[PDB]
>>> print(open('coords-v7.txt').read())   # compact mmCIF, C-alpha atoms
# COMPACT_ATOMS: atom_id res chain seq x y z
CA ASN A 1 8.36 -6.39 -12.33
CA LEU A 2 8.81 -8.83 -9.37
CA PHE A 3 5.14 -9.59 -8.99
CA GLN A 4 5.14 -10.84 -12.58
CA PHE A 5 8.44 -12.67 -12.28
CA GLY A 6 6.86 -14.31 -9.18
CA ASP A 7 3.86 -15.42 -11.24
CA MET A 8 6.19 -16.86 -13.89
CA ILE A 9 8.14 -18.68 -11.13
CA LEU A 10 4.88 -20.12 -9.70
CA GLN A 11 4.06 -21.40 -13.24
CA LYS A 12 7.42 -23.10 -13.74
CA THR A 13 8.22 -24.30 -10.20
CA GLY A 14 5.09 -24.52 -8.13
CA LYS A 15 6.69 -22.29 -5.51
CA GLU A 16 5.91 -18.81 -4.21
CA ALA A 17 9.04 -16.82 -4.69
CA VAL A 18 8.55 -14.86 -1.46
CA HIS A 19 8.68 -18.11 0.51
CA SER A 20 11.64 -19.56 -1.45
CA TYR A 21 13.70 -17.86 -4.16
CA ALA A 22 13.32 -14.43 -2.62
CA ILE A 23 15.75 -15.41 0.18
CA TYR A 24 17.80 -18.12 -1.58
CA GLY A 25 21.51 -18.42 -2.10
CA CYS A 26 23.76 -15.55 -3.12
CA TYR A 27 21.90 -14.46 -6.27
CA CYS A 28 18.17 -15.37 -5.97
CA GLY A 29 17.80 -13.47 -2.70
CA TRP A 30 19.41 -10.27 -1.37
CA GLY A 31 22.80 -10.98 -2.82
CA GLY A 32 24.48 -10.03 -6.07
CA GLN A 33 27.83 -11.19 -4.64
CA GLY A 34 29.54 -14.34 -3.40
CA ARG A 35 29.67 -17.67 -5.06
CA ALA A 36 26.54 -18.83 -6.85
CA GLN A 37 25.60 -21.74 -4.63
CA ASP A 38 24.06 -24.16 -7.15
CA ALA A 39 22.14 -24.43 -10.41
CA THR A 40 19.12 -22.52 -8.97
CA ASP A 41 21.38 -19.68 -7.76
CA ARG A 42 23.13 -19.66 -11.19
CA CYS A 43 19.73 -19.08 -12.86
CA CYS A 44 19.29 -15.92 -10.70
CA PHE A 45 22.79 -14.79 -11.62
CA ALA A 46 21.99 -15.39 -15.32
CA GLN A 47 18.92 -13.15 -14.93
CA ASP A 48 21.12 -10.47 -13.37
CA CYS A 49 23.37 -10.70 -16.43
CA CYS A 50 20.43 -10.75 -18.79
CA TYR A 51 19.01 -7.52 -17.27
CA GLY A 52 22.50 -6.01 -17.80
CA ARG A 53 22.29 -6.39 -21.66
CA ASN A 54 20.27 -3.37 -22.05
CA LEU A 55 20.71 0.06 -21.09
CA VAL A 56 18.14 2.68 -19.44
CA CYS A 57 15.49 -0.04 -18.42
CA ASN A 58 14.28 -0.42 -14.92
CA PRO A 59 13.44 -4.04 -14.13
CA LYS A 60 12.01 -3.05 -10.72
CA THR A 61 9.19 -0.98 -12.25
CA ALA A 62 8.89 -2.44 -15.78
CA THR A 63 5.34 -3.85 -15.90
CA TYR A 64 5.39 -5.77 -19.09
CA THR A 65 2.73 -7.51 -21.04
CA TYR A 66 2.90 -11.29 -21.02
CA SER A 67 0.63 -14.28 -20.96
CA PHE A 68 0.70 -18.06 -20.39
CA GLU A 69 -0.22 -19.77 -23.59
CA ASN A 70 -0.35 -23.57 -23.38
CA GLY A 71 2.26 -23.55 -20.64
CA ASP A 72 4.59 -21.30 -22.55
CA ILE A 73 5.24 -17.70 -21.30
CA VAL A 74 4.81 -15.33 -24.18
CA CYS A 75 6.12 -11.74 -23.93
CA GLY A 76 3.74 -9.42 -25.71
CA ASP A 77 5.65 -6.07 -25.90
CA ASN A 78 7.11 -4.66 -29.11
CA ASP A 79 9.46 -2.22 -27.38
CA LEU A 80 13.00 -2.66 -26.07
CA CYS A 81 12.84 -2.55 -22.27
CA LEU A 82 9.53 -4.13 -21.38
CA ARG A 83 10.05 -6.97 -23.85
CA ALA A 84 13.73 -7.45 -22.78
CA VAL A 85 12.81 -7.49 -19.12
CA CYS A 86 9.97 -9.94 -19.79
CA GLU A 87 12.22 -12.24 -21.86
CA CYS A 88 14.87 -12.24 -19.03
CA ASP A 89 12.16 -13.12 -16.50
CA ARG A 90 10.73 -15.83 -18.74
CA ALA A 91 14.24 -17.24 -19.13
CA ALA A 92 14.92 -17.15 -15.38
CA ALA A 93 11.59 -18.78 -14.50
CA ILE A 94 12.23 -21.51 -17.07
CA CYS A 95 15.69 -22.05 -15.65
CA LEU A 96 14.40 -22.23 -12.13
CA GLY A 97 11.82 -24.84 -13.12
CA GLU A 98 14.54 -26.96 -14.72
CA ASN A 99 16.40 -27.00 -11.43
CA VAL A 100 13.73 -27.56 -8.77
CA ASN A 101 15.33 -31.04 -8.43
CA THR A 102 18.30 -29.54 -6.56
CA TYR A 103 16.46 -26.82 -4.70
CA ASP A 104 18.00 -26.93 -1.27
CA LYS A 105 16.16 -25.27 1.61
CA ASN A 106 19.48 -24.80 3.42
CA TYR A 107 20.30 -22.01 0.99
CA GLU A 108 17.30 -20.06 2.40
CA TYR A 109 18.75 -17.08 4.33
CA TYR A 110 22.31 -18.09 3.32
CA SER A 111 23.23 -14.47 2.46
CA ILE A 112 23.02 -13.49 6.15
CA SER A 113 26.44 -14.96 6.97
CA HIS A 114 27.86 -15.98 3.55
CA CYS A 115 28.19 -14.67 -0.01
CA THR A 116 31.46 -12.91 0.80
CA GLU A 117 33.73 -14.76 -1.62
CA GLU A 118 34.49 -13.18 -5.01
CA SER A 119 31.41 -12.58 -7.17
CA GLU A 120 30.28 -14.39 -10.32
CA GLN A 121 31.06 -12.70 -13.64
CA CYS A 122 28.66 -12.30 -16.54
CA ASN B 1 24.11 -4.93 -4.92
CA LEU B 2 21.28 -6.17 -2.65
CA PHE B 3 23.68 -7.77 -0.21
CA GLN B 4 25.05 -4.30 0.49
CA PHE B 5 21.60 -2.73 0.68
CA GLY B 6 20.81 -5.35 3.26
CA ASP B 7 23.91 -4.33 5.19
CA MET B 8 22.88 -0.70 5.06
CA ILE B 9 19.44 -1.70 6.37
CA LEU B 10 21.09 -3.79 9.17
CA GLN B 11 23.29 -0.76 10.02
CA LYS B 12 20.39 1.67 10.14
CA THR B 13 17.53 -0.47 11.51
CA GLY B 14 19.21 -3.59 12.90
CA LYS B 15 16.72 -5.69 10.93
CA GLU B 16 17.75 -8.40 8.56
CA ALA B 17 16.13 -7.48 5.28
CA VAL B 18 15.62 -11.11 4.34
CA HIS B 19 13.37 -11.63 7.33
CA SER B 20 11.49 -8.34 6.78
CA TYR B 21 11.67 -5.81 3.92
CA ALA B 22 12.50 -8.51 1.34
CA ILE B 23 8.83 -9.65 1.44
CA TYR B 24 7.10 -6.41 2.58
CA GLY B 25 4.28 -4.49 0.95
CA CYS B 26 4.02 -3.88 -2.80
CA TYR B 27 7.42 -2.27 -3.29
CA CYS B 28 9.94 -3.56 -0.75
CA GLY B 29 9.17 -7.17 -1.63
CA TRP B 30 8.20 -8.90 -4.79
CA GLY B 31 5.82 -6.37 -6.29
CA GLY B 32 6.76 -3.25 -8.28
CA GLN B 33 3.04 -2.61 -8.95
CA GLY B 34 -0.01 -1.86 -6.93
CA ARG B 35 -0.27 0.77 -4.39
CA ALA B 36 2.56 1.57 -1.87
CA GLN B 37 1.06 0.46 1.42
CA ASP B 38 2.73 2.72 3.99
CA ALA B 39 5.79 4.95 4.60
CA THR B 40 8.14 1.90 4.57
CA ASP B 41 6.67 0.81 1.24
CA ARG B 42 7.11 4.34 -0.14
CA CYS B 43 10.83 4.28 0.77
CA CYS B 44 11.18 1.16 -1.43
CA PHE B 45 9.20 2.60 -4.30
CA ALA B 46 11.37 5.72 -4.07
CA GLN B 47 14.44 3.49 -4.38
CA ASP B 48 13.01 1.84 -7.50
CA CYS B 49 12.58 5.26 -9.08
CA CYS B 50 16.02 6.25 -7.93
CA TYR B 51 17.48 3.15 -9.64
CA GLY B 52 15.55 3.96 -12.80
CA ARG B 53 17.36 7.28 -12.96
CA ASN B 54 20.60 5.70 -13.58
CA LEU B 55 21.32 4.78 -17.08
CA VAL B 56 23.99 2.36 -18.34
CA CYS B 57 23.90 0.60 -14.90
CA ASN B 58 22.81 -2.79 -13.58
CA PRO B 59 21.82 -2.31 -9.88
CA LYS B 60 21.62 -6.04 -9.25
CA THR B 61 25.31 -6.52 -9.97
CA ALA B 62 26.73 -3.08 -9.05
CA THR B 63 29.10 -3.73 -6.13
CA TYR B 64 29.86 -0.28 -4.83
CA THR B 65 32.19 1.01 -2.17
CA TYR B 66 30.85 2.52 0.99
CA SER B 67 31.65 2.80 4.64
CA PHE B 68 29.41 3.13 7.64
CA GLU B 69 31.10 5.60 9.95
CA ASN B 70 29.61 7.33 13.05
CA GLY B 71 26.03 7.53 12.03
CA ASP B 72 26.69 8.14 8.34
CA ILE B 73 26.64 6.04 5.13
CA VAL B 74 29.28 7.37 2.77
CA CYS B 75 29.52 6.22 -0.83
CA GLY B 76 33.14 6.17 -2.01
CA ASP B 77 32.89 5.54 -5.76
CA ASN B 78 33.52 7.85 -8.66
CA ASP B 79 32.13 5.25 -11.04
CA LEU B 80 28.80 6.80 -12.15
CA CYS B 81 26.80 3.55 -11.94
CA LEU B 82 28.27 2.43 -8.52
CA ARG B 83 28.02 5.86 -6.92
CA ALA B 84 24.41 6.42 -7.90
CA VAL B 85 23.24 2.92 -6.90
CA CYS B 86 25.14 3.43 -3.64
CA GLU B 87 23.34 6.76 -3.11
CA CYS B 88 19.90 5.18 -3.89
CA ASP B 89 20.59 2.41 -1.35
CA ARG B 90 21.85 4.83 1.27
CA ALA B 91 18.76 7.04 0.84
CA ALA B 92 16.45 4.06 1.10
CA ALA B 93 18.15 2.64 4.15
CA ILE B 94 17.92 5.97 5.95
CA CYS B 95 14.30 6.28 4.87
CA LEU B 96 13.45 2.79 6.16
CA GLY B 97 15.14 3.65 9.47
CA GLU B 98 13.11 6.82 9.79
CA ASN B 99 9.93 4.84 9.32
CA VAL B 100 10.57 1.79 11.41
CA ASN B 101 8.04 3.20 13.87
CA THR B 102 5.26 2.18 11.41
CA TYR B 103 6.61 -1.13 10.13
CA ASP B 104 3.62 -3.40 10.10
CA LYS B 105 4.29 -7.19 9.97
CA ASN B 106 0.91 -7.62 8.24
CA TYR B 107 2.51 -6.29 5.07
CA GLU B 108 4.94 -9.26 5.01
CA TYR B 109 3.78 -11.54 2.12
CA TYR B 110 1.21 -8.91 1.08
CA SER B 111 2.19 -9.22 -2.58
CA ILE B 112 0.66 -12.72 -2.95
CA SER B 113 -2.95 -11.68 -2.74
CA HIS B 114 -2.78 -7.89 -3.29
CA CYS B 115 -0.78 -5.32 -5.24
CA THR B 116 -3.18 -5.40 -8.16
CA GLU B 117 -4.25 -1.84 -7.93
CA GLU B 118 -3.06 0.86 -10.33
CA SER B 119 0.62 1.43 -9.60
CA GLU B 120 2.65 4.24 -8.19
CA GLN B 121 4.25 6.53 -10.81
CA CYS B 122 7.82 7.74 -10.56
>>> encode(input="coords-v7.txt", output="structure tokens")
Amino acid sequence: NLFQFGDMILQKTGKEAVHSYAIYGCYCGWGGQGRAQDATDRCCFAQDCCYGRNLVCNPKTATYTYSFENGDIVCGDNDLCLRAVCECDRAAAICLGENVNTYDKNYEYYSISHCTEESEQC
Amino acid sequence: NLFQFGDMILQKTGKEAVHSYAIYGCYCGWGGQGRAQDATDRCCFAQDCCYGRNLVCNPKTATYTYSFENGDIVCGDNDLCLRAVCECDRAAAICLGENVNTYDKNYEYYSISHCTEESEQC
């Protein structure tokens, strides 16, 4: 779920999602359309795509089992959904941490008056 | 997609989700666990469950068709995935509007230090 994805993001980036990623760009925040603004936004799009690879999961409610193990994120579930959701979140958090170098605060709240040009495609 | 949900919320409440619901409680913002804090938070948890009902569907990318005409949100799609996500969003937006009277700014950023209780069950 988002609480967990938030904790993974904290671990990889040092940021609290609700003060940063939660409102960022066209894909990290309340978006899902428009042009992905930069590498950070493209991570959030990639997560969207990743969630889309399996069918009859609910990433909003999926409370998976994971831990931090020597700075890795390890997804503990044997099933399909909880594990798949966890692996997508681990991937997205990793990706975000790789791209904190281009994190640009001017993409905060960008969806208010942008994100209207054609959407990214998985 | 969330950009559209945000527009439905703007239509119904005049709030910008990114400055409000996006970070509110345990279910509108970055939670998906813990208890639902108030009527606003319950609307968002209800939306999560509503999304979960919808198989073979990625709500993050689902760009549906809808119009906002004379009070009413009308979902135009026949596409099963788009229609249903559109109906979940429309229900949630109307629910948030109905409960704006108890919106409590103290639930903004609540997920950081709370939301660890046993979760709501669909």
>>> residues_around(input="coords-v7.txt", residues="residue B:49", least_positions_apart="3", cutoff="6 Å", atoms="all atoms listed in the file", output="short mmCIF file (atom, residue, chain, number, x, y, z; two decimals) with C-alpha atoms, keeping the file's coordinate frame")
data_model
loop_
_atom_site.label_atom_id
_atom_site.label_comp_id
_atom_site.auth_asym_id
_atom_site.auth_seq_id
_atom_site.Cartn_x
_atom_site.Cartn_y
_atom_site.Cartn_z
CA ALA B 46 11.37 5.72 -4.07
CA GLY B 52 15.55 3.96 -12.80
CA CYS B 122 7.82 7.74 -10.56
#
>>> interface_residues(input="coords-v7.txt", of="chain B", to="chain A", cutoff="10 Å", atoms="all atoms listed in the file", output="ChimeraX atom specification")
/B:1-7,16-19,22-24,26-27,29-34,45,47-63,108-112,114-116,119-122
>>> residues_near_point(input="coords-v7.txt", point="(19.3, -22.6, -14.2)", cutoff="8 Å", atoms="all atoms listed in the file", output="list in words")
residues 39, 40, 41, 42, 43, 44, 46, 92, 94, 95, 96, 97, 98 and 99 of chain A
>>> calpha_fit_and_write(input="coords-v7.txt", fixed="chain A", moving="chain B", output="tab-separated table (two decimals) with C-alpha atoms, keeping the file's coordinate frame")
chain	number	residue	atom	x	y	z
B	1	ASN	CA	8.46	-6.19	-12.45
B	2	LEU	CA	9.15	-8.70	-9.64
B	3	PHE	CA	5.48	-9.36	-9.05
B	4	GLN	CA	5.32	-10.74	-12.59
B	5	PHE	CA	8.54	-12.70	-12.21
B	6	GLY	CA	6.97	-14.25	-9.16
B	7	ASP	CA	3.94	-15.17	-11.25
B	8	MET	CA	6.15	-16.75	-13.88
B	9	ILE	CA	7.88	-18.74	-11.12
B	10	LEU	CA	4.45	-19.80	-9.69
B	11	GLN	CA	3.40	-20.85	-13.23
B	12	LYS	CA	6.53	-22.87	-13.87
B	13	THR	CA	7.36	-24.29	-10.42
B	14	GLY	CA	4.22	-23.75	-8.35
B	15	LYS	CA	6.38	-22.18	-5.64
B	16	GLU	CA	5.72	-18.79	-4.20
B	17	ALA	CA	8.93	-16.88	-4.72
B	18	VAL	CA	8.47	-14.93	-1.51
B	19	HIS	CA	8.62	-18.11	0.51
B	20	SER	CA	11.58	-19.51	-1.47
B	21	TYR	CA	13.75	-17.90	-4.18
B	22	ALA	CA	13.35	-14.41	-2.69
B	23	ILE	CA	15.81	-15.38	0.10
B	24	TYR	CA	17.81	-18.16	-1.64
B	25	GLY	CA	21.55	-18.46	-2.16
B	26	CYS	CA	23.79	-15.55	-3.16
B	27	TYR	CA	21.91	-14.51	-6.28
B	28	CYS	CA	18.21	-15.32	-6.01
B	29	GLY	CA	17.93	-13.53	-2.68
B	30	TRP	CA	19.60	-10.52	-1.23
B	31	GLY	CA	23.14	-11.00	-2.47
B	32	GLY	CA	24.49	-10.09	-5.92
B	33	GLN	CA	28.01	-11.07	-4.75
B	34	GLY	CA	29.73	-14.17	-3.57
B	35	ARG	CA	29.67	-17.41	-5.29
B	36	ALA	CA	26.49	-18.86	-6.96
B	37	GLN	CA	25.69	-21.82	-4.75
B	38	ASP	CA	23.94	-24.26	-7.10
B	39	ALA	CA	22.02	-24.51	-10.41
B	40	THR	CA	19.06	-22.53	-8.95
B	41	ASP	CA	21.44	-19.79	-7.83
B	42	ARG	CA	23.05	-19.74	-11.29
B	43	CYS	CA	19.62	-19.17	-12.92
B	44	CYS	CA	19.27	-16.02	-10.77
B	45	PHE	CA	22.76	-14.78	-11.49
B	46	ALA	CA	22.06	-15.34	-15.19
B	47	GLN	CA	18.96	-13.17	-14.83
B	48	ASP	CA	21.00	-10.39	-13.22
B	49	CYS	CA	23.36	-10.43	-16.19
B	50	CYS	CA	20.43	-10.55	-18.54
B	51	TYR	CA	18.96	-7.43	-16.87
B	52	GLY	CA	22.32	-5.70	-17.13
B	53	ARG	CA	22.17	-6.12	-20.88
B	54	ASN	CA	19.32	-3.86	-21.22
B	55	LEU	CA	20.10	-0.26	-21.34
B	56	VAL	CA	17.71	2.66	-20.78
B	57	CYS	CA	15.47	0.31	-18.68
B	58	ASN	CA	14.46	0.02	-15.03
B	59	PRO	CA	13.63	-3.69	-14.36
B	60	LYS	CA	12.13	-2.94	-10.97
B	61	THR	CA	9.37	-0.83	-12.48
B	62	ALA	CA	9.05	-2.37	-15.98
B	63	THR	CA	5.51	-3.80	-16.12
B	64	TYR	CA	5.54	-5.91	-19.24
B	65	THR	CA	2.87	-7.84	-21.06
B	66	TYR	CA	2.95	-11.58	-21.19
B	67	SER	CA	0.65	-14.54	-21.24
B	68	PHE	CA	1.10	-18.04	-19.95
B	69	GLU	CA	-0.46	-20.33	-22.52
B	70	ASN	CA	-0.14	-24.15	-22.78
B	71	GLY	CA	3.27	-24.62	-21.36
B	72	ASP	CA	4.76	-21.44	-22.79
B	73	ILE	CA	5.58	-17.93	-21.48
B	74	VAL	CA	5.11	-15.44	-24.29
B	75	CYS	CA	6.24	-11.84	-24.00
B	76	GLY	CA	3.92	-9.52	-25.92
B	77	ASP	CA	5.70	-6.15	-25.86
B	78	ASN	CA	7.45	-4.27	-28.61
B	79	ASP	CA	8.75	-1.77	-26.08
B	80	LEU	CA	12.51	-2.57	-25.95
B	81	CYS	CA	12.81	-2.28	-22.15
B	82	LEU	CA	9.58	-4.29	-21.37
B	83	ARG	CA	10.25	-7.00	-23.93
B	84	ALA	CA	13.80	-7.65	-22.80
B	85	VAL	CA	12.97	-7.65	-19.06
B	86	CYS	CA	10.07	-9.97	-19.91
B	87	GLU	CA	12.46	-12.28	-21.80
B	88	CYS	CA	14.99	-12.26	-18.88
B	89	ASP	CA	12.21	-13.19	-16.44
B	90	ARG	CA	10.82	-15.87	-18.71
B	91	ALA	CA	14.29	-17.41	-19.16
B	92	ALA	CA	14.91	-17.37	-15.43
B	93	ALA	CA	11.57	-18.87	-14.56
B	94	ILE	CA	12.09	-21.72	-17.02
B	95	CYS	CA	15.61	-22.19	-15.68
B	96	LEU	CA	14.39	-22.33	-12.07
B	97	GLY	CA	11.76	-24.89	-13.10
B	98	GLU	CA	14.37	-27.04	-14.77
B	99	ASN	CA	16.41	-27.05	-11.59
B	100	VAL	CA	13.77	-27.51	-8.96
B	101	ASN	CA	15.11	-31.04	-8.53
B	102	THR	CA	18.14	-29.54	-6.69
B	103	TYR	CA	16.48	-26.76	-4.72
B	104	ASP	CA	18.04	-26.97	-1.31
B	105	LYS	CA	16.19	-25.24	1.58
B	106	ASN	CA	19.55	-24.80	3.33
B	107	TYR	CA	20.30	-21.98	0.90
B	108	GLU	CA	17.31	-19.98	2.25
B	109	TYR	CA	18.80	-17.08	4.31
B	110	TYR	CA	22.31	-18.06	3.15
B	111	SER	CA	23.19	-14.45	2.35
B	112	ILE	CA	23.31	-13.40	6.04
B	113	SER	CA	26.46	-15.25	6.95
B	114	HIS	CA	27.97	-16.09	3.53
B	115	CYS	CA	28.26	-14.64	0.04
B	116	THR	CA	31.56	-12.95	0.82
B	117	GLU	CA	33.60	-14.83	-1.67
B	118	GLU	CA	34.80	-13.33	-4.95
B	119	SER	CA	31.72	-12.85	-7.13
B	120	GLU	CA	30.45	-14.36	-10.30
B	121	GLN	CA	31.28	-12.37	-13.47
B	122	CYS	CA	28.77	-11.76	-16.22
>>> residues_around(input="coords-v7.txt", residues="residue B:90", least_positions_apart="6", cutoff="9 Å", atoms="only C-alpha atoms", output="PyMOL selection string")
chain B and resi 5+8-9+73-75
>>> atom_distance(input="coords-v7.txt", atom1="atom CA of residue A:25", atom2="atom CA of residue B:79")
27.4 Å
>>> closest_residue(input="coords-v7.txt", among="B:82, B:28, B:107, B:93", to="residue B:68", atoms="all atoms listed in the file")
B:93
>>> atom_distance(input="coords-v7.txt", atom1="atom CA of residue A:83", atom2="atom CA of residue A:37")
28.8 Å
>>> atom_distance(input="coords-v7.txt", atom1="atom CA of residue A:87", atom2="atom CA of residue B:35")
25.1 Å
>>> residues_near_point(input="coords-v7.txt", point="(34.4, 5.0, -3.3)", cutoff="8 Å", atoms="all atoms listed in the file", output="list in words")
residues 64, 65, 66, 75, 76, 77, 78 and 83 of chain B
